[PDB]
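What the coordinates show
Listed below, chain by chain, are the residues.
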Amino acid sequence: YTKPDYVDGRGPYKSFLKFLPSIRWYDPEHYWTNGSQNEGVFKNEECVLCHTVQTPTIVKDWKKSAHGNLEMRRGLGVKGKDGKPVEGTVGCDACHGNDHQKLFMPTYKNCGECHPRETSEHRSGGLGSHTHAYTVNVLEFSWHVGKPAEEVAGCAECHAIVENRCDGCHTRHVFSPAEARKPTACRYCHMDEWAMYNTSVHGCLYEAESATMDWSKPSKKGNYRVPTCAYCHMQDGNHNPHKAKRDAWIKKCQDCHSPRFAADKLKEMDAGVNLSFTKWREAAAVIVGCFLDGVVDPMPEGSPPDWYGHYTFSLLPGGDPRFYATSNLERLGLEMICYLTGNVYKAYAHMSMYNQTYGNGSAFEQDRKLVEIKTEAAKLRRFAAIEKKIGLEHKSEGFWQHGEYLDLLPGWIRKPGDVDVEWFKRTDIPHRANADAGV
Amino acid sequence: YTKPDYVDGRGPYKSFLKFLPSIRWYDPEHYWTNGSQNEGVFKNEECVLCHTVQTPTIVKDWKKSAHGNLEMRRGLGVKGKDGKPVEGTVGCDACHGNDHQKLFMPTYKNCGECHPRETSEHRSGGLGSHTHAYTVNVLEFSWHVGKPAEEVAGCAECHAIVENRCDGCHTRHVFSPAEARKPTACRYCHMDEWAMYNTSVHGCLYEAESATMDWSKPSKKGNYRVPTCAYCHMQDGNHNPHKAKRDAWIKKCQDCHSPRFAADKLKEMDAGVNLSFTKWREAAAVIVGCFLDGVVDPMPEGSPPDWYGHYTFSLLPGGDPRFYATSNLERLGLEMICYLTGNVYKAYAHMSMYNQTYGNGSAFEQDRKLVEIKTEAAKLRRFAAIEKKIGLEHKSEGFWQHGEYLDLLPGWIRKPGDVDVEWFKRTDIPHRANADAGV
Amino acid sequence: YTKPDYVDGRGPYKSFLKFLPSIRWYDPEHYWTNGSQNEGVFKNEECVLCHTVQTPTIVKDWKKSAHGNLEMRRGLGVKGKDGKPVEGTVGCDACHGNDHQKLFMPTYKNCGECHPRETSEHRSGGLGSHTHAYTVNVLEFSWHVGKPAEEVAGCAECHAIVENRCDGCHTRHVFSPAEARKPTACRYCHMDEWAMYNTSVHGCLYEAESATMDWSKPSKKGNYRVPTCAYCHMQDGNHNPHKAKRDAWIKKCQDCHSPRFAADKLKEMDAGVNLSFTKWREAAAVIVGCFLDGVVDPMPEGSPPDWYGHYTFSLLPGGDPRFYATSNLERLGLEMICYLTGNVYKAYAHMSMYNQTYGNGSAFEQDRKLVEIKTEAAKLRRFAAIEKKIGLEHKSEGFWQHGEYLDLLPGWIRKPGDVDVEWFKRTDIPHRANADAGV
Ligand code: HEC
Ligand code: HEC
Ligand code: HEC
Ligand code: HEC
Ligand code: HEC
Ligand code: HEC
Ligand code: HEC
Ligand code: HEC
Ligand code: HEC
Ligand code: HEC
Ligand code: HEC
Ligand code: HEC
Ligand code: HEC
Ligand code: HEC
């Protein structure tokens, strides 16, 4: 194994966090440098008919877009950068630049010149939304910072497409709202939301009607028979995704349904999640219970240190819950709470009858995982008992602590004074709760 | 944890079986009560243009239906309730009623007034079909009655849509046969039938042609190139799904294929299932073999009592085969026979080449599960051996028997004389074979 | 259990290898015999209008094909068998024959009369391609020969459709290139390539546009916005799927993308696979490490003999890596290298962001499997330690070695001098590296 080329990180853990050079297409404001052979300052017309030979699809798309094709316009009345409206064609130079040796890759800031509302709404969201997916939910996230860059390359890419740039639900060089309204524009990131929507009758009607139904109309009351990702969350074309919030859902459901039917189905979600929590309470008592007696193989000391730089239990306040570089009991615990408990919430919400019970990450799988946890707990307790009686001092195996991949973990290189807590002190952005956060 | 609002059960175990209030939309004959704020007796025209503002999609659908749009009719010659035919529009009041304080939710009985044939054929099916999915395969089913209502909410809902009401394969307010013919109208319930159909070339041709092919024609000989769920099982529009039954399939396959090709492929199914049974015979001998020696942790007594109310082995006559609240050896056993052995049958039948071998619930996974069972058996036998020699009396752990979810199980509250066996004594409906059935 | 009817094998292990009679539709050159009731020599016109009643779909397809419908032709200038071009209709007798008692089932040889280029390109491929999928990757393959015929029926069928006959990507009786261009024509065999393509944005755009986009155009530069299976691998309609090979991909990607973007994404693939290998190096050291100490339950001698006929370790040169009829430690090892390590390569290549990390057969699952391997290793080492101290001689269990399915394995009947090494000596076809290969 040889270490690939790395560029320096950007988050609060930037002292040791690294990125692959490909990050330039994902954080253009921060990592973009010129790398074009071609030179010269060109007019838009020169850009198009030179790229028709070189990169034909972009041009073909651009001609299928409102930016490039004036006939394909609805007279929105867009006013870009200056007050004056845009009547001419929005070309390649408008988005990328005129000089080839000074090309810039566009973000939400570049789009914000022409489209203020869609950008303002995009920046209005808080923690967990599209607004803070890269800045917070990548740079401060445990599994991303706790792993080498090439492993979590897709993690940085996926979370950054929706935050930084605008071509998430919009193809790239067509920017069609009809394409954006489709569930396909959402599921390549949301994958276990897609499985719930697919196994529900809402998703089934999509596949049945998508070829026939009119996609040109905006996601508004009456306009659509089949609900999509964009219809439910991006209400009336809004670019931002407990009685006040519940009645808001019932009113949206009242587009096609009775409010009584809407209320009953959302009450099913409450009752379904409540019973799934009791399954977790059983598991948590078992796993933590094994830690009290110290029968867990291996113990946190016998394992490699976590990304914080401590030898702490994963499923315990302070420690980092993980699936990697930990004991099997801790792995099966994290598997239940993160994946399975979260997916049951998604199953009841998206009205998936199968995934509520029999499906992937379901209540029946929660029962299966509960057995897996209990059997693991039974195994460790039987071993310890036998060892105690015969008079054997068992020590955790060497392969738990050290390995070719395990040595590459950043947990070994964590030293006091490497955290930039001034990043955490920021008021403009929300923050993830971490042990070494400072604040 | 707090217990949600429950309404009383209906099956033979109605003494302890409960349901969520949402069951009213699924068993309207039995659980529907009025819950509308709005009052007054209205004409159909008043119903439509008041609901256009409130619930627009229903109205838009109703106008896209033959019931609401007379232009969209094929002159079937429907004769509803009375002998006289229906020439006028079938409105909202025809299905739901005139008074808002006295609204009724329609079943197969309400549809049976106008459509006698489709209802008669629907009621003609026996055990395991759509006919007895809720009455028998929910109220008498082990995993449904053996679990709290909010967990198995979707179980009651899914099985009841196809039995009680008619909007299973038919959207709801469009009732399009073209939509019903599509596999999407079937797979939201049938999910592992869908995976087999999808990974087969039959399902692949569906996705390739669905946008282009004519869906308006009935499922008859010649009419379709690509076979669907509705084409194979609902032959010639029949609303009801060994040489006599085999030749019946070959003749149906002869619509597109050679009978020799049809016979060879169905012979593959016979040979494929035969070899999958020998894998089960190996597993069964191992799991039951561990019960003879009493090495299973935990033993039925160490586990919580089953839904019947006994401390019996799961994979043994009398006992209830389950994945929950049992030992790992018993869980892996049930996983193989119910899911994997059943799915192999589905894989060979639906001509899925991948799912016959490499797929989910396949022959190769049966091999994987066989190892999982054998390793579990090896673990228990090695433990017992060591314990015996050193002189240790091992008792099953406490977390097996008792837990927050485990205490909520109905197995603890089973008392003699709670079974309504007069339900089981019925001649009009088939019955599931249970231990405490009485007959 | 009773053994189904078997026909003799054909590969180098033909002494014990068997096939189901259904192989006649898959190896027609080798296994096809007449089995038709109907007799007589007929003209093409007699074939069509007799099969319109009997097998209507074939006829309807044939009329929708260029072979049967002259109007549906692009004037290719096909010249069949003789030099003279084909102007008349290519009928049923042209493909199958005139006499019913002397019908032949077509291969690539039968198609090669009319279409020389598409056949020549089909035969140009080497090991691992469509060219040698049945002859080499079935008859010489370990899991196929090491299992009874009815279990690996689909294995023979799937691998033979693409090699022997031509109706793989082409329906059967339509032979539409538009249908062949679609990913659906590929994924029924390629299933974990499909999951990677589906979860990527390339596959998402397919489902979004397939109903609208023009499929009639050939897979060429500019012609398509959305890349498919056929677009990427079958470049410019070529019927054959490190700087020289890398730049070839970048140029193909340059159809829609910047070469810098193309280079960066393929560099991500290199770095992603490199880190996945270190996870394997950890696993391999652990599993083989357990074999040195002899703590593996069961040991190769305690297991049934492999398909070669030896009692060797699976994950060791000479031995056969398998998931069946082996220890759990060996199973989990094979699961990682074959499925998971191979799927990570597929995930990075097909630009799937989800399947790079969280998906099925991913880097995060590699971490999960690494724990599973380590826990299994920990279990075996703890057992052996306890046994040694107390003075117990542990022997592997009987159910590992013998069973109803295990007895049916060909490993028991392997005798010296059963291998046809003259098959392996062939120069016209590449060969799989086996222990008993001879050369
Ligand atoms: C900055 C990053 C963004 C800009 C600028 C725009 N978008 Fe979007 N977008 C999305 C959807 C689903 C729609 C269709 C809404 C509907 O149902 O009607 C749109 C639409 C637009 C429009 C058209 C609005 C109009 O009134 O004409 C514009 C001008 C537009 N978008 C610009 C989806 C998404 C999305 C989800 C993943 C993101 C991140 C963005 N859009 C971001 C931007
Ligand atoms: C009571 C519960 C039901 C009534 C009343 C009807 N159906 Fe269905 N249905 C289904 C399919 C797949 C079709 C299309 C059949 C074809 O291929 O041609 C239909 C069609 C009908 C029709 C039209 C028949 C005609 O000759 O015009 C009527 C009037 C009709 N259905 C009424 C599917 C299903 C289904 C599967 C899930 C169920 C449960 C029902 N239908 C139930 C009813
Ligand atoms: C022998 C086994 C084969 C013959 C003879 C032909 N094919 Fe194919 N084929 C495939 C695709 C994806 C296409 C479309 C290519 C495109 O994008 O334009 C085709 C096309 C043809 C054509 C038309 C070529 C023309 O210039 O008109 C012919 C005559 C043809 N094929 C004959 C895919 C495949 C495939 C993949 C699974 C296989 C095995 C074959 N084709 C095999 C044959
Ligand atoms: C013909 C001589 C061209 C003209 C005029 C313009 N572009 Fe170009 N561009 C051209 C080629 C052959 C390439 C690929 C090789 C390379 O230099 O990278 C490109 C590349 C781009 C890129 C990607 C550059 C990168 O950093 O990866 C962009 C963003 C781009 N081109 C845009 C662009 C614009 C906006 C132009 C008009 C002013 C323009 N190009 C002119 C060929 C030619
Ligand atoms: C990939 C680039 C995405 C696309 C396209 C869409 N979404 Fe997304 N979404 C994505 C990420 C990485 C995140 C952040 C996850 C986190 O919690 O850190 C989100 C967030 C959401 C949310 C908010 C979830 C919450 O805070 O509770 C919603 C409601 C949501 N996404 C829905 C959604 C819809 C409807 C989309 C289609 C238009 C969509 N997303 C696109 C990744 C991506
Ligand atoms: C793109 C295909 C993804 C990859 C790669 C990863 N993430 Fe993601 N993220 C994705 C979605 C759309 C969602 C679901 C959001 C929802 O509302 O449930 C998420 C979810 C996770 C969460 C976990 C939970 C929570 O605590 O909020 C976070 C914040 C997050 N994602 C982190 C993250 C990182 C950086 C990844 C690599 C280690 C990981 N994601 C993969 C899909 C995208
Ligand atoms: C306007 C005043 C209305 C007229 C006239 C009719 N309906 Fe209605 N309906 C209306 C509203 C605002 C609501 C939702 C609030 C509520 O009372 O539940 C409804 C609801 C229904 C329902 C669902 C009732 C339930 O139990 O959940 C049904 C089945 C229904 N409406 C049907 C219906 C019919 C058949 C009518 C004609 C006689 C009719 N409604 C008239 C508003 C109005
Ligand atoms: C959900 C509401 C369903 C829809 C829509 C369809 N089916 Fe179904 N089917 C469903 C259930 C709950 C059951 C009973 C399961 C049991 O065994 O208890 C069935 C049953 C069948 C059967 C009979 C199986 C047997 O007895 O061997 C068949 C053949 C079947 N279903 C096929 C089928 C088809 C082709 C459908 C589309 C028109 C369809 N079902 C719709 C649930 C649901
Ligand atoms: C709707 C999405 C479903 C949910 C929820 C559950 N069931 Fe179901 N059932 C479904 C289908 C369509 C099938 C397959 C039928 C086939 O022919 O194989 C079934 C299968 C099960 C069976 C198991 C086997 C047999 O013994 O017949 C039964 C009878 C049954 N279903 C019971 C049942 C209950 C009540 C559920 C919750 C505990 C369970 N189902 C979930 C899909 C639908
Ligand atoms: C009517 C009398 C027919 C004429 C004339 C032809 N075929 Fe036929 N064919 C017919 C039937 C009723 C059947 C099914 C019963 C059977 O004999 O198998 C067939 C079958 C075929 C088959 C499949 C045979 C097999 O081995 O499975 C083929 C390949 C076939 N038919 C082709 C064919 C051709 C090319 C003809 C023209 C010369 C022809 N058939 C004439 C009925 C009749
Ligand atoms: C089923 C009949 C298949 C269809 C249809 C397609 N492919 Fe395939 N492919 C199939 C097999 C059985 C194999 C051999 C697997 C082996 O390694 O033994 C292949 C091989 C390929 C390859 C070569 C892989 C390699 O050697 O590295 C490629 C690139 C490939 N297949 C792609 C591919 C595409 C793009 C297809 C659509 C046109 C396609 N295949 C069809 C099985 C089948
Ligand atoms: C059709 C649905 C399949 C079945 C059944 C099996 N095989 Fe296959 N094969 C399939 C594909 C398209 C691929 C992927 C090719 C790629 O490039 O990755 C394969 C892969 C395997 C390989 C494994 C790896 C390698 O060493 O090349 C081989 C050679 C192979 N296939 C063997 C084989 C046999 C005979 C099967 C039964 C035991 C098995 N395949 C199932 C899909 C098709
Ligand atoms: C109907 C309206 C829909 C549809 C068609 C989809 N979703 Fe959602 N979704 C919906 C609800 C009512 C909820 C629950 C919200 C609540 O009451 O708490 C959700 C939930 C989600 C979530 C989880 C976010 C959270 O924690 O609150 C996500 C990420 C999400 N939905 C995304 C999503 C996607 C991608 C969809 C398309 C496939 C989709 N949803 C469909 C309502 C509806
Ligand atoms: C874009 C171009 C695509 C698309 C749309 C698909 N694939 Fe591929 N594929 C592509 C690349 C660049 C690679 C890696 C090749 C390399 O550099 O080594 C692959 C890889 C495969 C493989 C593995 C073959 C190998 O070992 O090299 C297979 C079997 C394969 N692809 C098939 C495949 C199928 C069936 C697709 C449709 C769903 C598909 N690909 C999409 C490039 C691209």
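Structure determination for this entry is recorded as X-ray crystallography, at 3.3000 Å resolution.

As annotated in the PDB entry, chain A carries the name Hydroxylamine oxidoreductase-like protein and is attributed to Candidatus Brocadia fulgida. Within the Protein Data Bank, this record goes by the title "Hydroxylamine Oxidoreductase from Brocadia fulgida".

What follows covers the overall build of chain A. Check the secondary structure of chain A and you find 19 helices and two strands. When its C-alpha atoms are laid out on the principal axes, chain A stretches across 85 × 60 × 40 Å.

We now examine the site of ligand 4. For ligand 4, the set of nearby residues contains 20 residues, the closest of which are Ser36, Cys47, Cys50, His51 and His100 of chain A. Each of chains A and C places residues next to ligand 4. Here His100 of chain A contributes a side-chain N or O atom positioned 2.9 Å from a nitrogen atom of ligand 4. Note that an oxygen atom of ligand 4 is positioned 2.8 Å from one of the side-chain N or O atoms of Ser258 of chain C. If you list the elements that add at least two residues to the shell around ligand 4, you get helix 2 (44–54) of chain A together with helix 15 (259–293) of chain C. In terms of residue count, the dominant contributor to the shell around ligand 4 is helix 2 of chain A (five residues). For the shell around ligand 4, a count of residues per class yields eight nonpolar, 10 polar and two charged.

The subject of this paragraph is the site of ligand 7. As a matter of local geometry, ligand 7 sits amid 20 residues, with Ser36, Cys47, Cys50, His51 and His100 of chain B nearest to it. Around ligand 7, the nearby residues trace back to chains A and B. For ligand 7, a nitrogen atom lies 2.9 Å from a polar atom in the side chain of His100 of chain B. When contributions to the shell around ligand 7 are tallied by element, the ones reaching two or more residues are helix 15 (259–293) of chain A together with helix 2 (44–54) of chain B. Among the elements that make up the shell around ligand 7, the one with the highest residue count is helix 2 of chain B (five residues). Considering only residue class, the shell around ligand 7 consists of eight nonpolar, 10 polar and two charged.

This part takes up the interface of chain B and chain C. The interface of chain B with chain C comprises 59 residues on the first partner and 73 residues on the second. For the pair chain B and chain C, the summed buried area comes to about 5,800 Å², and 61% of that belongs to carbon and sulfur atoms. In this assembly, chain B and chain C are joined by 11 salt bridges. Here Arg368 of chain B makes a salt bridge to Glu335 of chain C, at a shortest N to O gap of 2.7 Å. Viewed at the interface, chain C and chain B are joined by 29 residue pairs in polar contact. Secondary structure elements with two or more residues in the side of chain B that touches chain C: helix 11 (193–199), helix 12 (201–209), helix 15 (259–293) and helix 17 (363–390) of chain B. Here the residues of the side of chain B that touches chain C are counted per class, giving 24 nonpolar, 15 polar and 20 charged.

All names here are of chain A. UniProt annotation of "binding site: heme c 3" (unreviewed entry) refers to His67, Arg74, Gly75, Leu76, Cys111, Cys114, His115 and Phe175 when read in the numbering used here. Relative to the helices and strands, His67 is located in the loop between helix 3 (56–62) and helix 4 (92–95). Other than its neighbours up to four places away in sequence, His67 contacts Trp62, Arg73, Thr89, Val90, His115 and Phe175. Checked against the element boundaries, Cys111 lands in helix 5 (residues 108–111).

The subject of this paragraph is the pattern of salt bridges. If you walk through the whole model with that rule in mind, you get 99 salt bridges over all chains. For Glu207 of chain A, the salt bridge identified is with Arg187 of chain B, shortest N-O distance 3.7 Å. Of the two residues, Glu207 of chain A is situated in helix 12 (residues 201–209) and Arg187 of chain B in helix 10 (residues 184–187); the pairing between them involves two chains. Judged by relative accessible area, which is 21%, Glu207 of chain A ranks as partly exposed.

Here the focus is the coordination of the iron atom of ligand 2. Residue and element names in this part refer to chain B. Donor atoms from the polypeptide that bind the iron atom of ligand 2 are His170 (NE2) and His239 (NE2), placed at 2.1 Å. Coordination at the iron atom of ligand 2 is octahedral, judged from the six donor atoms that bind it and the angles of 80 to 175° they form at the metal. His170 gets classed as partly exposed once you look at its relative accessible area, which sits at 22%.

All names here are of chain B. Applying the stated rule across the entire model yields 63 aromatic pairs over all chains. Relative to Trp307, the ring of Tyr13 lies with its centre 5.0 Å away and its plane at 65°, an arrangement referred to as edge-to-face. Both residues of the pair, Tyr13 and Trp307, belong to the buried class. On the numbers, 6.0 Å between centres and 80° between planes, the contact of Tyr13 with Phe424 is edge-to-face.

All names here are of chain B. Taken together, the side chains of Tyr311, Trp412 and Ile413 make up a nonpolar region of the molecular surface, amounting to roughly 310 Å² of accessible area. Structurally, the position occupied by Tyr311 is in the loop between helix 15 and helix 16 (328–349). You can call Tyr311 partly exposed: its relative accessible area is 45%.

For the rest of this paragraph, the subject is unusual backbone geometry. All names here are of chain A. In the segment running from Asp297 into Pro298, the intervening peptide bond is cis, with an omega of -5°. Inspection of the secondary structure puts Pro298 in the loop between helix 15 and helix 16 (328–349). Residue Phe175 is not a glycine yet carries a positive backbone phi of 50°. Here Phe175 is to be found in the loop between helix 8 (153–163) and helix 9 (177–181). The class of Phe175 is partly exposed, set by a relative accessible area of 32%.

The next subject is the relation of the copies chain B and chain C. Its rotation angle being 120°, the transformation that places chain B on chain C also includes 0.0 Å of axial translation and leaves an RMSD of 0.0 Å. This pairing of chains is accounted for by a three-fold axis. The position closest to the rotation axis in chain B is occupied by the C-alpha of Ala211 of chain B, lying 3.1 Å away. Taken as a fraction of all interface residues of chain B, those also at the interface in chain C reach only 8%, which identifies the copy contact as different-surface.

Further remarks concern the relation of the copies chain C and chain A. For the pair chain C and chain A, the best superposition has an RMSD of 0.0 Å and corresponds to a rotation of 120° with a translation of 0.0 Å parallel to the axis. In this assembly the copies use different faces: only 8% of the residues contributing to the interface of chain C also contribute to that of chain A.

With that settled, consider the interface of chain C and chain A. Facing 59 residues of chain C, the contacting portion of chain A comprises 73 residues. Both faces combined, the contact of chain C with chain A buries some 5,800 Å², and carbon together with sulfur accounts for 61% of it. Per-residue buried area on chain C facing chain A is highest for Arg260, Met353 and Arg382 of chain C; these three make up 14% of the total on that side. Seen at the junction of chain C and chain A, the total is 11 salt bridges. Linking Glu179 of chain A and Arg225 of chain C is a salt bridge whose minimum nitrogen-to-oxygen distance equals 3.4 Å. Scanning the region where chain C abuts chain A turns up 29 residue pairs in polar contact. Of all elements in the fold, only helix 11 (193–199), helix 12 (201–209), helix 15 and helix 17 (363–390) of chain C reach the threshold of two or more residues within the side of chain C that touches chain A. By residue number, the principal contributor to the side of chain C that touches chain A is helix 17 of chain C, which donates 18 residues.

What follows covers helix 2 of chain B. All names here are of chain B. Looking only at helix 2, the buried set comprises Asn44, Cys47 and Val48. Projected down its long axis, helix 2 shows its buried positions confined to an angular sector of 95°, all on one face. What points out from helix 2, more than 90 degrees from its buried face, is the exposed set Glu45, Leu49 and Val53. Contacts from the buried residues of helix 2 go to helix 3 (56–62) and helix 4 (92–95).

What counts and what doesn't
Residues numbered from 1 in each chain as written, not as in the entry; some residues may be left out. Chains lettered and ligands numbered in written order. Heavy atoms only, no water. Residues with missing side-chain atoms left out of burial classes, pairs and counts. Helix = DSSP H or I, 4+ residues; strand = E, 2+ residues; numbered from the N terminus. Near = heavy atom within 4 Å. Polar contact = N/O pair within 3.5 Å; in protein donor to acceptor, adjacent residues only side chain to side chain. Nonpolar A, V, L, I, M, F, W, Y, C, P; charged D, E, K, R; others polar. Contact = heavy atoms within 4.5 Å. Buried area = accessible area lost by both parts, 1.4 Å probe. Salt bridge = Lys/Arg side-chain N within 4 Å of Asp/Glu carboxyl O. UniProt positions renumbered as here; feature names shortened; annotations may be inferred. Buried < 20%, exposed > 50% of the residue type's maximum accessible area, 1.4 Å probe, protein only. Donors = N, O, S within 2.8 Å, 3.2 Å for Na, K, Ca; no water. Tetrahedral: all angles 85-135°; square planar, octahedral: opposite > 155°, others 65-115°. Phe/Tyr/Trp six-rings, centres within 6.5 Å; stacked < 30°, edge-to-face > 60°. Patch = residues over 30% accessible without salt bridge, like charges linked within 9 Å, V, L, I, M, F, W, Y side chains within 5 Å. Areas by Shrake-Rupley, 256 points an atom, 1.4 Å probe, with all protein chains shown as cover. Least-squares fit on C-alpha atoms. Arc of directions from axis to C-beta.

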